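Visitor: My sequence and its experimental structure, below.
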Amino acid sequence: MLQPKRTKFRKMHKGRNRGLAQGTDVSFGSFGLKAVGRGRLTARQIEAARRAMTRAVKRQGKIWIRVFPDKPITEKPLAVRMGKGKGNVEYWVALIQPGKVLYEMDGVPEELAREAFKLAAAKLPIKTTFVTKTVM
Amino acid sequence: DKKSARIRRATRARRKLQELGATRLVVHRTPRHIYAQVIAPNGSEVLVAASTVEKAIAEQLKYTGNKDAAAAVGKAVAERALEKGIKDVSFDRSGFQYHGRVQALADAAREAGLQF
Amino acid sequence: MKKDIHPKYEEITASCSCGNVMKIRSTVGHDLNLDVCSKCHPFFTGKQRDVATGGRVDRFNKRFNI
Amino acid sequence: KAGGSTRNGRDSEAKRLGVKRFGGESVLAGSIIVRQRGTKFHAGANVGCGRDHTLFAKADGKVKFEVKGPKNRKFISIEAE
Amino acid sequence: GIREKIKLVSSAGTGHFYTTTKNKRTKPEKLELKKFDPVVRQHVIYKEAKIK
Amino acid sequence: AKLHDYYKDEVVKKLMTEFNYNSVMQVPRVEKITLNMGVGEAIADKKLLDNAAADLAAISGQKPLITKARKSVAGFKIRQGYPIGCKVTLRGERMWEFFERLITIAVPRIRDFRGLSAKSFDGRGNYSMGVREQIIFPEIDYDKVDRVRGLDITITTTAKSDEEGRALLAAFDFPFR
RNA sequence: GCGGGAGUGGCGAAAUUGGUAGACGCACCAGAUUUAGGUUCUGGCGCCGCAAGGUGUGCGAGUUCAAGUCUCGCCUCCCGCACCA
RNA sequence: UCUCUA
RNA sequence: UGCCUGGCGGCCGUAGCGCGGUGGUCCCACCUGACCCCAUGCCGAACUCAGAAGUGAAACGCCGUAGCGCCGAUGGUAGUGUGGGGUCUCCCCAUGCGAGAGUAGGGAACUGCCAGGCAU
RNA sequence: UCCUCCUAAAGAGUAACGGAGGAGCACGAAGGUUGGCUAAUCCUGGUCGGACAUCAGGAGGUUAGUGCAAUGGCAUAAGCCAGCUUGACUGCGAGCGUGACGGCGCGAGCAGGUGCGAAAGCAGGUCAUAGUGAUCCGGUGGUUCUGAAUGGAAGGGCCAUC
RNA sequence: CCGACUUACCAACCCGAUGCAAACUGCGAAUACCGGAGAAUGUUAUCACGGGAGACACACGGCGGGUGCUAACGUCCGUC
Ligand SMILES: [Mg+2]
Ligand SMILES: [Mg+2]
Ligand SMILES: [Mg+2]
Ligand SMILES: [Mg+2]
Ligand SMILES: [Mg+2]
Ligand SMILES: [Mg+2]
Ligand SMILES: [Mg+2]
Ligand SMILES: [Mg+2]
Ligand SMILES: [Mg+2]
Ligand SMILES: [Mg+2]
Ligand SMILES: [Mg+2]
Ligand SMILES: [Mg+2]
Ligand SMILES: [Mg+2]
Ligand SMILES: [Mg+2]
Ligand SMILES: [Mg+2]
Ligand SMILES: [Mg+2]
Ligand SMILES: [Mg+2]
Ligand SMILES: [Mg+2]
Ligand SMILES: [Mg+2]
Ligand SMILES: [Mg+2]
Ligand SMILES: [Mg+2]
Ligand SMILES: [Mg+2]
Ligand SMILES: [Mg+2]
Ligand SMILES: [Mg+2]
Ligand SMILES: [Mg+2]
Ligand SMILES: [Mg+2]
Ligand SMILES: [Mg+2]
Ligand SMILES: [Mg+2]
Ligand SMILES: [Mg+2]
Ligand SMILES: [Zn+2]
């Protein structure tokens, strides 16, 4: 499970998740899993889709993870009234805009990357798509 | 290095006279020569100037970089300033110590009639 | 230099066992008689000689004859 | 299930800093132009710097903001009026 | 608040005084300053006295 | 200034030959000699610093500048401002005369002297050596002293490289090896 | 669940104003006493080794020139409150 | 003065 | 008027670094010496003084050079004021403003006053 | 109660049992002025001497420093050394800022007298923003201002201060 | 004592590529705000003083946000 080792601050505002993404092009590898929807991916969802494509490739090829969960998410416990401070940090998310490349992959064929990224996208709440390395 | 530290050493009183609007006598000192010039409060144009590089001053002297040359320079620039009607200035040491040739120049200009 | 804070630094004569008479400025005051100077120090002959490894086979053949 | 607190309740009063008279704005002598902590601005012609780096007018006239110096620092001067 | 308070009495005979503080532990010697006395309109040496 | 005259007449001509310099100002020359005694034990008592400065004032006839800690470190139990060493800068004639008395008297008075190192020129011509024991100078009386000090010598020259200083000291017959 | 306190060698226990970490004692090891064991008596004793210094105060990061000795989080343990319909 | 046990 | 140099500015990197080259009549720099003016918590290193034997090595100045730094469009994109709309955690339409980053490209500053030197 | 940042929506201001940190002082020099200086860290060499004392050179260029929290400043240094000093002056104060108010703040300049500097000039506490407490009552010194028939006095007032 | 080399358990700096930030900024809008000039319009709509108040329990909706679960006809601010 991905998590920052150190943080400048322990808690963070809820913020918003509007705007387009930046990690749009397939930078490192040959095939990519691009986000189409909007939302937040936890560290569990990231690690589960990583497991599903590492097992689908039999550790063949190289897999990049373009995102990193750096936003802390607080929750208040059950049967706690709405005052008395901000809730306790429970888990970590990464804010995902449309166009964000989530994963990259090479060293494998295209059809194997399709079935691996499909097994990974079945572990993700947001709608994804398959992309390849574009020249320019 | 030495040039830069002299400029850093001079640029406080220069900016202070820059905001005082002071007509300022600028001394510049070399081991061989000594220079003087009276500068308008805008800092962009001069009024009078004197040196030991001028022939009319250097030919009456033994060496161009001693105290007697520096006093002859401060006398010449003061007599030119009083010729042009400039009487009250402010002495810019230009990062040198007020000592030796610089002091003998300013004492010559005080004695010849400038007021600072 | 300043005037008073420094020790006395006066020219004296230092002669050596090799007869190297040398006048130097020093804080000793009295005259000096040396033992070795840089002229007569065995840096150029003696330290070269003073390694002296010697041979083991040559020691063996030295100790007798067949 | 009662409990909690908040070690983080504090804050100080707003000091009402900023620029009191903007550019092209005629002032009297002694009029406060800028209150500020550091020298975010600097005093130019006919402008004094206070004890707390407050920029006040030494004369009467219009405020002129301008950028001078090798460091591109922001100077405030009073134009004549 | 160990820095106690004193007064700097004029040595001009007037009872005029400035009031101030000092650390009597680290500065045991008495404070003497040359200050302005508005009654005599001169600068006169003031000496440390008790704040009373 | 005996070695200064020997520099000015024969060393400059020699180095101009063995380097083929365009100008005579391009030659190396010695600039200063620095004599440090790092006395980290004077936090025990001032008198060790005060007496170590007295011995080095006899070596070079100058009053030493008592150096202090630039900052505070706790591994050595020192605070910023403690007098922790002494130095002497030697320039001019007093530099040359100390360098004469050094290479003529004191280096031969080293116990088991077998040469210096040519690997102590700090990459940029400046040579640094350290003596174990101050009694090699004859200024110090052996019965009169009690504590074996040690100092370090730093010859700062105007040579850019390391070899131009090595040739300069070798021109002064400096006993490298 | 809230609040208060503490965590140190094999053990109980100390250290102050942040300036080595183990004072002490117990237990253990060894020595001498004794036929022998116990006692009693003397001397050692936190971990790595040539003897020469380094690791070490619940876990992990900061502050400090430098922390058991501050500060935050985590952890376990102890105590008191957890009331009104 | 005290002095257990095999 | 041309060249060169020194001083004081304007402007504040298209003006700064780097690399190579180059300059000594004058100027500048280093330099020589220091009992003195003055100076070093030691030192004529610096500061200062008296000077002018030497050298342009360094520094400085000048020339060249696109390895950088820097500047930098056009178009588009993001955002957004008003009005309207939808599938309303977010977007779209009309209209107005319009970046940042990046690209092409530019680019090895320009200029004023005084003084001096050599030429004209 | 006070200070700093964010929330705070590019003037000011702006709430929550919202997110994070500090203050209830210090300094007779750690103030003023004149003169001068410029860091952190790392590399190499070097007696004891060691990851780390001091010394010399080089890279670097403020990544340091600021009496203390944070922010904004700081090379003309507001940072760091030394000399002389007491402007950590008294009476005022045009004109502005900020508050519902009480109040708080900045301030050129004027009069007197002073310190440093050759001089131009600077100085009415400290790089700034926290380091604080109304009134009443009472105490101390000064002052004929008042003084219950009159002369004093008590007491009160005013100024400084607790 | 010096060390001999080769691993695959890692890795500083630096270099290149790629992301994130309310308490980051070598950039930087739209709007808003302050000041000035100019028309047209508007029953002075503005300011000052004085007489009299009431009110200081707000609500939802849009936009920008904190908190909560971008839960609440929830809660707390800014603006309409
Ligand atoms: Mg301890
Ligand atoms: Mg039994
Ligand atoms: Mg028995
Ligand atoms: Mg050139
Ligand atoms: Mg010189
Ligand atoms: Mg050259
Ligand atoms: Mg455009
Ligand atoms: Mg652009
Ligand atoms: Mg350039
Ligand atoms: Mg160039
Ligand atoms: Mg605001
Ligand atoms: Mg706003
Ligand atoms: Mg201070
Ligand atoms: Mg100064
Ligand atoms: Mg070392
Ligand atoms: Mg100060
Ligand atoms: Mg401060
Ligand atoms: Mg009462
Ligand atoms: Mg009366
Ligand atoms: Mg009466
Ligand atoms: Mg931001
Ligand atoms: Mg109410
Ligand atoms: Mg209300
Ligand atoms: Mg409301
Ligand atoms: Mg809201
Ligand atoms: Mg809300
Ligand atoms: Mg709601
Ligand atoms: Mg409601
Ligand atoms: Mg609303
Ligand atoms: Zn001899």
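Guide: Noted; the coordinates are in hand. Numbering: from 1, shown residues only, chains lettered A, B, ... in the order given. Ligands and ions are numbered 1, 2, ... in the order given.

Visitor: residues near residue 65, how many?
Guide: Let's take chain A. As a burial measure, residue A:65 scores 16 neighbours (other C-beta atoms under 10 Å in any protein chain shown). The C-beta positions use only the backbone N, C-alpha and C, and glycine is treated the same way.

Visitor: try again with chain C
Guide: Neighbours of residue C:65 under the rule other C-beta under 10 Å: 5.

Visitor: what's the answer for residue A:68, then?
Guide: Neighbours of residue A:68 under the rule other C-beta under 10 Å: 14.

Visitor: Secondary structure of it: a strand, I assume?
Guide: No. Applying DSSP: H, G, I helix; E, B strand; the rest coil, one finds residue A:68 to be coil, outside a strand.

Visitor: Next up, phi/psi of it, please.
Guide: Main-chain torsions, residue A:68, degrees, to the nearest 10: phi -150, psi 130.

Visitor: Just the CA coordinates for the lengthiest strand in chain A, please, in CSV.
Guide: For chain A, the longest strand by residue count, based on DSSP state E, is strand A:88-96. C-alpha atoms of strand A:88-96 as CSV (Å, rounded to 0.1, in the frame of the first residue of the first chain):
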residue,chain,number,x,y,z
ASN,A,88,-8.7,10.9,12.3
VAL,A,89,-6.7,10.1,9.2
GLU,A,90,-7.9,6.7,7.9
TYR,A,91,-6.6,6.2,4.4
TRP,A,92,-4.8,7.9,1.5
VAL,A,93,-6.1,8.7,-2.0
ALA,A,94,-4.9,10.1,-5.3
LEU,A,95,-7.1,12.6,-7.1
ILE,A,96,-7.8,11.5,-10.6
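
Visitor: neighbouring strands for it, and are they parallel or not?
Guide: Paired strands of strand A:88-96, with direction, are strand A:39-42 (antiparallel), strand A:71-75 (antiparallel) (DSSP bridges).

Visitor: element containing residue F:164, please.
Guide: helix F:163-171 (DSSP states H and E).

Visitor: Pull out the buried residues from the longest strand along chain F.
Guide: In chain F, assigned by DSSP E, the strand with the most residues is strand F:30-38. Neighbour counts over strand F:30-38 (16 or more other C-beta atoms under 10 Å in any protein chain shown) mark F:30, F:33, F:34, F:35, F:36, F:37 as buried.

Visitor: ok, the last one - contacts?
Guide: The neighbours of residue F:37, taking C-beta atoms under 8 Å, 6 or more residues apart in numbering or on different chains as the test, are F:52, F:53, F:56, F:64, F:85, F:86, F:87, F:149, F:150, F:151, F:152.

Visitor: Could I get the phi/psi values of the first one?
Guide: Note on residue F:52: its backbone torsions stand at phi -70, psi -40 [degrees, to the nearest 10].

Visitor: Touching, it and residue F:84? I think so.
Guide: No. The pair residue F:52 / residue F:84 is not scored as a contact, 11.4 Å apart, by C-beta atoms under 8 Å.

Visitor: between these two, who's got more neighbours?
Guide: residue F:52 (24 against 20).

Visitor: Distance check, the more buried one against residue E:7.
Guide: Computed as C-beta to C-beta, to the nearest Å, the residue F:52 to residue E:7 distance reads 50 Å.

Visitor: show me where the chain has strands.
Guide: Using chain A. A:31-35, A:39-42, A:62-65, A:71-75, A:88-96, A:101-106, A:128-132.

Visitor: that's the other chain; I wanted chain D
Guide: For chain D, the strands defined by DSSP E occupy D:18-19, D:26-27, D:32-35, D:42-43, D:47-49, D:55-57, D:61-68, D:73-79.

Visitor: just chain E next, same as before
Guide: Using DSSP E, the strands of chain E run over E:4-10, E:17-22, E:32-37, E:42-50.

Visitor: between those strands, which gets nearest to residue A:107?
Guide: Minimum separation from residue A:107 across these (C-beta to C-beta) falls at strand E:17-22, 77.1 Å.

Visitor: and that closest one with RNA strand J, contact?
Guide: Yes. Judged by C-beta under 7 Å from any atom of the strand, strand E:17-22 and RNA strand J are in contact via E:17, E:18, E:19, E:20, E:21, E:22.

Visitor: And the most centrally placed residue in chain D, how far from residue D:64?
Guide: With distances taken as C-alpha atoms, centre = their mean, the residue of chain D nearest its centroid is residue D:34 (2.3 Å). Residue D:34 sits 13 Å away from residue D:64, going by C-beta to C-beta.

Visitor: How about the contacts made by residue 38?
Guide: The chain I'm using is chain A. Contact analysis of residue A:38 by C-beta under 8 Å, 6+ apart lists A:17, A:96, A:97, A:98, A:126.

Visitor: wrong one, I was asking about chain C
Guide: F:103, F:104, F:105, F:107, F:108, F:173, F:175.

Visitor: The second one - that's part of a helix, no?
Guide: Going back to what we said before, that points to residue F:104. Yes. Judged by three-state DSSP, residue F:104 forms part of a helix.

Visitor: Contacts (any at all) between RNA strand I and stretch B:57-67?
Guide: Yes. Under the criterion of C-beta under 7 Å from any atom of the strand, RNA strand I is reached by stretch B:57-67 at B:62, B:63, B:64, B:65, B:66, B:67.

Visitor: Export only the CA atoms of that stretch, formatted as PDB.
Guide: Output of stretch B:57-67 as PDB, limited to C-alpha atoms (Å, rounded to 0.1, in the frame of the first residue of the first chain):
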ATOM      1  CA  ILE B  57      48.600  70.500 -12.800                       C
ATOM      2  CA  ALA B  58      51.000  67.700 -13.400                       C
ATOM      3  CA  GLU B  59      53.800  69.800 -14.800                       C
ATOM      4  CA  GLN B  60      54.100  71.800 -11.600                       C
ATOM      5  CA  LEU B  61      54.500  68.700  -9.500                       C
ATOM      6  CA  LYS B  62      57.100  66.200  -8.500                       C
ATOM      7  CA  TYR B  63      54.900  63.000  -8.300                       C
ATOM      8  CA  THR B  64      51.200  62.800  -9.200                       C
ATOM      9  CA  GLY B  65      50.200  60.500  -6.400                       C
ATOM     10  CA  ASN B  66      51.300  62.300  -3.200                       C
ATOM     11  CA  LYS B  67      49.600  64.600  -0.800                       C
END
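
Visitor: quick one: buried residues of that stretch?
Guide: The neighbour-count check on stretch B:57-67 (16+ other C-beta under 10 Å) flags B:57, B:58, B:64, B:66, B:67 as buried.

Visitor: Residue B:95 belongs to a strand?
Guide: No. Residue B:95: not assigned to a strand; according to three-state DSSP it is coil.

Visitor: count of residues packed around the spatially closest residue to the residue nearest to the centre of chain D that is not a sequence neighbour?
Guide: Excluding the flanking residues, the one nearest residue D:34 by C-beta to C-beta, 6 or more residues apart in numbering or on different chains is residue D:55, at 4.3 Å. When neighbours are defined as other C-beta under 10 Å, residue D:55 has 26 of them.

Visitor: Fine by me, we can end here.
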